[PDB]
Amino acid sequence: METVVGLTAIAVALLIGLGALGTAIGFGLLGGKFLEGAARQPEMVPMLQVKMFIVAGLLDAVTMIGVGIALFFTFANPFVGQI
Amino acid sequence: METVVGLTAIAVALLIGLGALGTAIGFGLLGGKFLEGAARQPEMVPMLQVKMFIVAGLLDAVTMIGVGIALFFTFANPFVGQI
Amino acid sequence: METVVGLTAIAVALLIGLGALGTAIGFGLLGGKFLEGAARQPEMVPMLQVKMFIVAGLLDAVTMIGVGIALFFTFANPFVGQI
Amino acid sequence: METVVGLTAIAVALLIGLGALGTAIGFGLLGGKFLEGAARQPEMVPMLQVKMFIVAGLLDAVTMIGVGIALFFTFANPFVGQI
Amino acid sequence: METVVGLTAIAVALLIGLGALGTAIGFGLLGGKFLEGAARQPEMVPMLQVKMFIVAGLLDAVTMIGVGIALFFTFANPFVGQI
Amino acid sequence: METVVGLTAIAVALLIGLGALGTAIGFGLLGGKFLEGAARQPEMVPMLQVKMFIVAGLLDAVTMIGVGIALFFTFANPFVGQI
Amino acid sequence: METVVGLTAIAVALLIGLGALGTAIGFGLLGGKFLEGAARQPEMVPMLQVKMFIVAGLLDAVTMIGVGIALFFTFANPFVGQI
Amino acid sequence: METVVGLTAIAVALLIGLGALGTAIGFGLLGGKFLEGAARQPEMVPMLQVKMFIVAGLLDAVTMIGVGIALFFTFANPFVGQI
Amino acid sequence: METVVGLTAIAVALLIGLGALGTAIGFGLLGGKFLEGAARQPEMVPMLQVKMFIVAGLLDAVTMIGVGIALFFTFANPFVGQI
Amino acid sequence: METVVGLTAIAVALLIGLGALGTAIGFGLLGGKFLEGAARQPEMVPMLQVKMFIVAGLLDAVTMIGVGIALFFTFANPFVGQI
Amino acid sequence: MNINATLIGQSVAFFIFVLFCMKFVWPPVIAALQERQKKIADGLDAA
Amino acid sequence: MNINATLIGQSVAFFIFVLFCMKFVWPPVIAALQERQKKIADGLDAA
Amino acid sequence: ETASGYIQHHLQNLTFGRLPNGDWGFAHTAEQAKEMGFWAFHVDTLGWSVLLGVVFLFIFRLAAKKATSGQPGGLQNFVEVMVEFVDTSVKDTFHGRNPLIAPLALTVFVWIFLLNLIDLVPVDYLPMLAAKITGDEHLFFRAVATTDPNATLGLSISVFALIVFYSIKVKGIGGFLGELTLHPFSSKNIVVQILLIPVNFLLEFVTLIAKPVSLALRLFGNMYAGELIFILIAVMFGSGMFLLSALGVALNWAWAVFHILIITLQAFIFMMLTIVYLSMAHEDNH
Ligand SMILES: [Zn+2]
């Protein structure tokens, strides 16, 4: 049972780390263009912020699923039951 | 059953991850240009949003396939049944 | 035989995850320039959409081959019969 | 349980390292765009700084989650109790 | 014998996944630049399409070799014969 | 505790190396834009330097805790206290 | 001896996959810049194409060395001869 | 012991290699923008050079720590005494 | 001695594959800027070509050392014989 | 022991390959920007070349240490003596 | 694969061929081309 | 199988390649060389 | 005969060298050929390279000996086109008046092109012809000279020797060692410059050494991969199956049509790199 538990811990580590890396890089890329646009058109900032939040909803869609799955693995490990 | 389940956990982790990673990076790249376009011509936003959603479907197709297969590997197991 | 099936699971995970990451990043890169061209030249969007679909046909070929091979491995594992 | 411990060390190392890498790259991109905007329009710096902080919170959310999970694994290892 | 087949499965996955990832990213870059050129010079699209196809011929040169080798490994097997 | 210490060495290596890579990439990206801004108009260099230091404070936040816990693993190992 | 053959398979897989990935990304960059140059100055297209082929002559060297060595490793084996 | 020293070798390799990769890429990114700025205004070159050095220090701050830790591991291995 | 030879095969594969990937990406980056320079100022082409050929000697210096030492490992394995 | 030298081979491969990849990408970026600067202002080439070598030294700094350590490991293995 | 003295034989043949070409191939063709160009220039300066 | 099949396959492929070359690659080179000769002849006639 | 034996036989060179009983005799097996030390010769590579070089030199000597200085003939027009192309290439890269550079570039380009060209013939023609003529069925014979690392290494080493010779000739051993140990980083005071000589040497010697290695390996990898893929496709014909052979024909045709471009491009790259390397030995780039 040690192998299963160790590999599920590694799985949780991968699941959270890859999502964190992707989210950080993607949000840096998005925020740079948001700052450039805000500097270009100060009067359109209220709309640009809403559009940035709309895009941010799509950016974190799969990352939150991964984080939830990692939490479910670490607190309610289903692999211990041989499934 | 120890090895197969332990490696299935890693497989689920590697299916949800790299998919979260690609989705986050790709959506950052897409949203940056969407905000740049909305800040260059503020009146084309309604069309740009629809085009962005059309591109986002293609962007997320394979990631959704991978997430579905990972869920299938988590709550069912085609590999355990092969002994 | 546990090793063969356990490594087949990881092979499928890699086949789908790498393809998903690649398609997500590539489609982000493509859609960014598509949205930029649509915002700068709004009268040319119907042609740009067709050209983007033509490019997307080339972009997603090897990923489709990979996902087909992954499904073939999951449901019709050929490596089991080679031992 | 000599294998589970140590694999938890590898897990926390991945959890913190991937988050640090992603955070550093994302903040490099965001800060570069902020510096470009400030250098082109010195009068816009006070608003750009606040917008940069708003983006930074979303950038660092998941990395902070990962760091918390890694600390919890380091000091209150839950996988040990699962035999 | 089991180790050889298990490792050849991972080898096939590595070949196809890396080829797919590289092809997707390269075609994303090429298609983005092609769409930029098409939006810039709408009358030059027919020649730019031919140039893009010429470049695509070079882009997939090694990837197709890798895919062929992977199919040869997955259907036939030169390593099993070596014992 | 041979395996525990052997894996702790790898954990420390990952914690320091990934953070070093991330900080190097991020600081290259930030310094490039800082030099570009200094070259665009040298009269604003004193303010740009302070802003760059402010950004660098955020860029290096997670890496310093990573190297801190890497040193905490090298000296006074916490995982060998767990058998 | 089975370990030697199993690891040779993975060596071939890496040697071809990494080269394919690098070649695809590099040719994507080169072809995109070539398309931009052709779009800017239509009269210079043949000279740009010749220069692109000249650069492609340098781009594809080490990948071809790796492909040749991998094909040598598949149908011949300098490692098996060392027992 | 054999395994702990073998893993310490891999730890040293990672510590130096990741730092070298990050340093090379970040320094290339910094040097390109430094050459562009020097070309823009040749008369301010000494200021650009000193500002490039003060950020090169930040770029290499963590890489030098990594290489120092690796050299400490190579000749004064602290993990072999923890057994 | 089986493990030594098997890991030497992986070492050769890494030594050549990483260098091939790096050289392909670097030469794509260099050739793209060379083509852009030749398109913007067509009269500078021979000087740009000779400068690019000069820089190509710095681009692959370490890669040539890596490929040479990998070829040394394949046919004149030094690790075998060190017990 | 065979394991120690087998892991030393992998360590050397990592040390040389990561440095080669980093130097190739960094020099591609630096040379591309140097070629762009030379194309924009042919009169500034003599000083641009000097500054390019100044930054190339910083590019190769850490990778030279890496390759030196790799050669020291290959010909004067310090880990075998540690038993 | 197999490093031999073919490495030396090839360099010897290379140097021999280059020394042959330097003296017995290039000068006559270059001289003929230059003489034809001179003839064309003189014919264009006949005015 | 093996010999007497590989030879036939190679001969067929080589014949197809030779036909492709003789129909597409040679005529452009011949045309370019003849154009060079014609331009030289025109220059000499003018001289 | 198995496919693996077919490939293994196709991968072996005709070797003449020191047998245990004397310095005379041809190897009959791969193990016997590898038993011979450094003092052995690949007969097939040297023979083909010398034959093709002699043919090229004879053809170019025929036109040069009867240069008309008027309306050119069919052959001498082609020779003039090649000479004009090489001269234009040299003029745009090298600004000195060294007479060695241009004939060297022409020889390198045409010789390497001719060595690469023989890869387009079917793989089994020349070895079987040699086996039948000599009467030995198990005869090693490899036609393509550029797929042997010895030939490319010899070319690159001779180019490197020319580089060193011309650098010494135009700068003295003084300027040569100065450029190798002092030039890229210089200091006004002795103590700092002494600390800089190891960095300068580490930066310059590596790049100097990497030139012949890259020159040889860039050509060798491409030619070796091309010939190996040509050999592998021939095995598809050996299966005798209708479906596999039909695909093999298309694969072989596509590979040859792609390979002609590689054949031209590798020779052009080698010529241009040789010219660039020789030109940077007469000037100062740091
Ligand atoms: Zn110099």
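Every chain is numbered from 1 and lettered A, B, ... according to where its sequence line falls, protein lines coming before strand lines.
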Open item on the list: Suppose we screen for side chain to side chain contact (heavy atoms under 4.5 Å, CB included). Which residues come up paired with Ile173(M), at least two apart in sequence or across chains?
Closed with: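 By the side chain to side chain contact (heavy atoms under 4.5 Å, CB included) rule, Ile173(M) matches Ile168(M), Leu177(M).
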Task: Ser158(M) side chain vs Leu155(M) backbone, donor-acceptor pair below 3.5 Å - done: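 Confirmed, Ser158(M) side chain pairs with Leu155(M) backbone.
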TODO: Please list all pairs passing the ring pair (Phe, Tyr, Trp, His ring centres under 6.0 Å) test where one or both residues lie in residues 184-210 of chain M, with sequence neighbours left out.
DONE: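 Listed once each, the pairs are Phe201(M)-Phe205(M).
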Task: More than 12 heavy atoms from other groups under 6.0 Å of CD1 on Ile190(M) - done: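 No, CD1 of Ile190(M) has 12 or fewer neighbouring heavy atoms, counting only those of other groups under 6.0 Å.
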Task: Close side-chain approach of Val108(M) to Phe14(K), heavy-atom, < 4.5 Å - done: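 Yes, side chains in contact.
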Task: Donor-acceptor contact below 3.5 Å, side chain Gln10(K) vs main chain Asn150(M) - done: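 Checked: no pair found.
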Task: Test item: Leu30(G) and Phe27(I) side chains (from C-beta on) under 4.5 Å apart, heavy atoms - done: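 No, every pair of side-chain atoms sits at 4.5 Å or beyond.
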Considering only distance and modelled atom types, tabulate donor-acceptor pairs under 3.5 Å from the side chains of residues 94-102 of chain M, sequence neighbours left out.
residue, atom, partner, partner atom, Å
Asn98(M), OD1, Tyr166(M), OH, 3.3
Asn98(M), ND2, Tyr166(M), OH, 3.3

TODO: Could you tell me whether the side chain of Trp26(K) reaches within less than 4.5 Å of the side chain of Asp87(M), counting heavy atoms only?
DONE: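 Touching, per the 4.5 Å side-chain cut-off.
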TODO: Provide the full list of side chain to side chain donor-acceptor pair (under 3.5 Å) pairs with a residue in residues 61-70 of chain H, sequence neighbours left out, each pair given once.
DONE: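 Every pair satisfying side chain to side chain donor-acceptor pair (under 3.5 Å) with a residue in residues 61-70 of chain H: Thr23(H)-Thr63(H).
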For residues 269-283 of chain M, please give each side-chain donor-acceptor pair under 3.5 Å, one per line with the distance, not counting sequence neighbours.
residue, atom, partner, partner atom, Å
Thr274(M), OG1, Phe270(M), O, 2.9
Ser279(M), OG, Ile275(M), O, 3.3
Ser279(M), OG, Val276(M), O, 2.8

TODO: Taking ring pair (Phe, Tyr, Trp, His ring centres under 6.0 Å) as the test, write out the residues that go with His286(M), two or more places apart.
DONE: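 So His286(M) forms a ring pair (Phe, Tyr, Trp, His ring centres under 6.0 Å) with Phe53(J), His183(M).
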Task: Test side chain to side chain contact (heavy atoms under 4.5 Å, CB included) applied to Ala267(M) - qualifying residues, sequence neighbours left out - done: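 Expected list: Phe109(M), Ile112(M), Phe113(M).
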Open item on the list: With heavy-atom distances below 4.5 Å as the criterion, would you say the side chains of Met22(K) and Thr107(M) are in contact?
Closed with: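 No, their side chains stay 4.5 Å or more apart.
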Task: With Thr152(M) via side chain to side chain contact (heavy atoms under 4.5 Å, CB included) - residues at least two apart - done: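 Applying side chain to side chain contact (heavy atoms under 4.5 Å, CB included) to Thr152(M) gives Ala216(M), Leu219(M), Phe220(M).
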Open item on the list: Treating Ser167(M) as the side-chain partner and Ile163(M) as the backbone partner, does any N or O pair qualify as donor plus acceptor under 3.5 Å?
Closed with: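 Flag not set: sc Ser167(M) to bb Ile163(M) has no pair under 3.5 Å.
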- [ ] Answer whether the closest heavy-atom distance between the side chains of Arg218(M) and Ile65(G) falls below 4.5 Å.
- [x]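 No - every pair of side-chain heavy atoms lies 4.5 Å or more apart.
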Task: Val206(M) side chain near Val62(I) side chain, heavy-atom distance below 4.5 Å - done: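 Counting from C-beta outward, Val206(M) and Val62(I) never come under 4.5 Å.
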Open item on the list: With a 4.5 Å cut-off on side-chain heavy atoms, are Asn189(M) and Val192(M) touching?
Closed with: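 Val192(M) vs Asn189(M): side chains touch.
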Task: salt bridge (charged side-chain N to carboxylate O under 4.0 Å, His left out) partners for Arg40(I), two or more places apart - done: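 Residues passing salt bridge (charged side-chain N to carboxylate O under 4.0 Å, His left out) with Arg40(I): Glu36(I), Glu36(J).
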Task: For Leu21(H), all residues meeting side chain to side chain contact (heavy atoms under 4.5 Å, CB included), sequence neighbours excluded - done: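 Residues passing side chain to side chain contact (heavy atoms under 4.5 Å, CB included) with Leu21(H): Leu21(F), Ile25(H), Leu21(J).
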Open item on the list: Between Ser186(M) and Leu182(M) (side chain of the first, backbone of the second, donor and acceptor by atom type, cut-off under 3.5 Å), is there such a pair?
Closed with: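 Side chain of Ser186(M) to backbone of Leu182(M): no pair is present.
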Task: Sub-4.5 Å side-chain heavy-atom contact between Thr74(J) and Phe73(I) - done: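 They are in side-chain contact.
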Task: Test salt bridge (charged side-chain N to carboxylate O under 4.0 Å, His left out) applied to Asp60(G) - qualifying residues, sequence neighbours left out - done: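 Salt bridge (charged side-chain N to carboxylate O under 4.0 Å, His left out) check on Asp60(G) returns nothing, list empty.
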- [ ] Please list all pairs passing the side chain to side chain donor-acceptor pair (under 3.5 Å) test where one or both residues lie in residues 44-56 of chain H, with sequence neighbours left out.
- [x]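 Side chain to side chain donor-acceptor pair (under 3.5 Å) check on residues 44-56 of chain H returns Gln49(F)-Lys51(H), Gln49(H)-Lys51(J).
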Open item on the list: Tell me the closest heavy-atom pair linking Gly22(F) and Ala24(D), and the distance in Å.
Closed with: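 So the minimum-distance heavy-atom pair works out to O-CB, 3.3 Å.
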TODO: Check the surroundings of atom CE in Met47(H): do more than 12 heavy atoms from other residues, nucleotides or ligands lie under 6.0 Å from it?
DONE: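 Result for CE/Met47(H): enclosed.
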